[PDB]
Ligand SMILES: CC(/C=C/C(=O)NO)=C\[C@@H](C)C(=O)c1ccc(N(C)C)cc1
Ligand SMILES: [Cl-]
Ligand SMILES: [K+]
Ligand SMILES: [K+]
Ligand SMILES: [N+]
Ligand SMILES: [N+]
Ligand SMILES: [N+]
Ligand SMILES: [N+]
Ligand SMILES: [N+]
Ligand SMILES: [N+]
Ligand SMILES: [Zn+2]
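Residue numbers (full-length UniProt numbering): 289 to 617, 620 to 646.
So this is what it looks like as structure tokens:
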């Protein structure tokens, strides 16, 4: 069916920071986005998909039993033990509701992937929190508990075939270190991340995010890092990266399902990202991805902290999924962006004939 799915559940707002109510990963991130969908009359055009809890067996598709156990144990912790547990990780806060919210974010995306793969919808958007792409097999990180996108790729394979070709495009301004590591030896899941890097000065502060990390073993060539250096980037740079790298590689890979780790923290106005991608920019990125996998695209909220920016940007993506005409948007690239793109082209030409 030529239908767009949408999943949102206000229960995911319950995850909160009890020590700093102004922490940027706010409950109202998802309610503001949902409201904007209603205001723009997008919500009524979508098929509503229910949220559900991920099961612990589903979480074990990507995470260790110990990590699942540790996060589950936070459900009945007193505040000082929540503080202690959170502090074991890089950039994590935890409340008694966090585990359930993380389960809902994952289960929402499983139901969305299922709706796509059973033909109930063509494509879908998932307005979920907390985010997922920094979460590793064995640890939480960067506001993320479980790796929602990675889990969704494995869940998709679990109801089709182990080798189902899944493309994950991660346009959150941060590197999805967890997603890269979970799939680093896998050729069934192509991971492509665009991210601010600044030679390691930008979170998560690891050389794992550099362009020369191309995958391991049979996964060699199936990890594509597009790192930005030298300050502000925007629509011109992202469009060029899609033109020269993301789309030619994706077409050669021929995915059967596309997942977008769709953070909107590279957006104009975001205080954590410092970049300038416009809502129209995100619309064009979405419209390009819709040409892949017979349109089977699932857009999953990751980061993004300017409430107005993320609401306008993710709504524009949903508008594209619904088949609306792309808005009007060539400006020369920042010189360092040309350097980045050419570095990635050089790194991946051995693996992808489309780059030669
Ligand atoms: C962890 C993270 C992004 C995650 C993300 O979006 N991953 O995809 C960003 C850190 C480095 C950051 O910049 C920050 C800034 C302000 C702040 N407070 C004002 C509390 C807390 C953290
Ligand atoms: Cl418990
Ligand atoms: K990214
Ligand atoms: K991979
Ligand atoms: N509407
Ligand atoms: N539930
Ligand atoms: N306590
Ligand atoms: N890796
Ligand atoms: N393709
Ligand atoms: N280039
Ligand atoms: Zn981010």
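Yeah, the Cβ is synthetic: ideal placement off N, Cα and C, and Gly gets one too.
| Item | Value |
| --- | --- |
| Which class does residue 499 belong to by DSSP, given the choice of helix, strand or coil? | coil |
| Leaving out five residues on either side along the sequence, give the residues of the same chain with a beta carbon under 6 angstroms from the beta carbon of residue 506. | 475 |
| Could you name the residues whose beta carbon sits closer than 7 angstroms to any heavy atom belonging to ligand 5, keeping them in chain order? | 326, 329, 331, 332 |
| Using only the heavy atoms of ligand 10, determine whether one of them is closer than 7 angstroms to the beta carbon of residue 632. | yes |
| Using the Cβ count rule (16 or more neighbours within 10 Å means buried), how would you classify residue 311? | exposed |
| Name the residue from 447, 642, 501 whose alpha carbon lies nearest to the alpha carbon of residue 473. | 501 |
| Report all residues for which the CB-ligand distance to some heavy atom of ligand 2 is below 5 angstroms; order them along the chain. | 363, 364 |
| If you run the structure through DSSP and keep just helix, strand and coil, what is residue 380? | coil |
| Are there any heavy atoms of ligand 11 lying less than 7 angstroms away from the beta-carbon of residue 551, as far as the coordinates show? | yes |
| Exposed or buried, which one is residue 454 when buried takes at least 16 other CB atoms within 10 Å? | buried |
| Considering only the beta carbon of each residue, do residue 436 and residue 588 sit closer than 8 angstroms? | yes |
| Thinking C-alpha only, which one of 612, 397, 346 is nearest residue 417? | 397 |
| Nearest to residue 323 by CA position, among 415, 450, 304, is which residue? | 415 |
| For residue 544, I'd like the list of residues in its chain whose CB is within less than 8 angstroms of its CB, leaving aside the five on either flank, ordered along the chain. | 448, 452, 453, 454, 581, 584 |
| Use the C-beta contact count for residue 407: other C-beta atoms within 10 angstroms, 16 or more gives buried, fewer gives exposed. | exposed |
| Report yes or no: do the segment 588 to 599 and the segment 623 to 638 share at least 3 C-beta pairs separated by less than 8 angstroms? | no |
| For residue 531, does the count of other Cβ atoms within 10 angstroms reach 16, so buried, or fall short, so exposed? | exposed |
| Taking the Cβ atom as the reference point for each residue, do residue 492 and residue 463 lie within a distance shorter than 8 angstroms? | yes |
| Taking residue 616 as the reference, give the member of 568, 478, 576 with the closest Cα. | 568 |
| Return the chain-ordered list of same chain residues with a C-beta closer than 7 angstroms to the C-beta of residue 572, the five sequence neighbours on each side being excluded. | 527, 614, 617 |
| Taking all protein chains shown into account, decide if residue 566 is buried (16 or more other Cβ within 10 angstroms of its Cβ) or exposed. | buried |
| Classify residue 359 as helix, strand or coil using the three-state DSSP reduction. | helix |
| Spatial neighbours of residue 399 within its chain, please: CB distance less than 8 angstroms, with the 5 preceding and 5 following residues excluded, ordered by chain position. | 295, 337, 338, 339, 340 |
| So, are the CB atoms of residue 517 and residue 379 less than 8 angstroms apart? | no |
| Nearest CA to the CA of residue 305: which residue from 457, 393, 368? | 368 |
| So, at 7 angstroms on beta carbons, what are the nonlocal neighbours of residue 395 in its own chain, with the 5 sequence-adjacent residues on each side left out? | 339, 340, 341, 342 |
| For residue 315 and residue 521, I'd like the C-alpha separation in whole angstroms. | 28 angstroms |
| I think residue 352 touches residue 426, with their Cβ atoms under 8 angstroms apart; what is that distance to the nearest whole Å? | 5 angstroms |
| Give the DSSP-derived three-state secondary structure of residue 408 in the structure shown. | coil |
| Do residue 449 and ligand 9 come close, with the Cβ less than 7 angstroms from some heavy atom? | no |
| What's the gap between the Cα of residue 487 and the Cα of residue 611? | 39 angstroms |
| Assuming contact is defined by CB atoms lying nearer than 8 angstroms, are residue 637 and residue 499 in contact in what I supplied? | yes |
| Ligand 3 and residue 560: does the residue's C-beta get closer than 7 angstroms to at least one heavy atom of that ligand? | no |
| So which of 597, 559, 599, 536 has the shortest CA-CA distance to residue 579? | 536 |
| State the DSSP-derived secondary structure class of residue 336, mapped to helix, strand or coil. | strand |
| Buried or exposed: which applies to residue 450, given that a residue is buried once 16 or more other Cβ atoms fall within 10 Å of its Cβ? | exposed |
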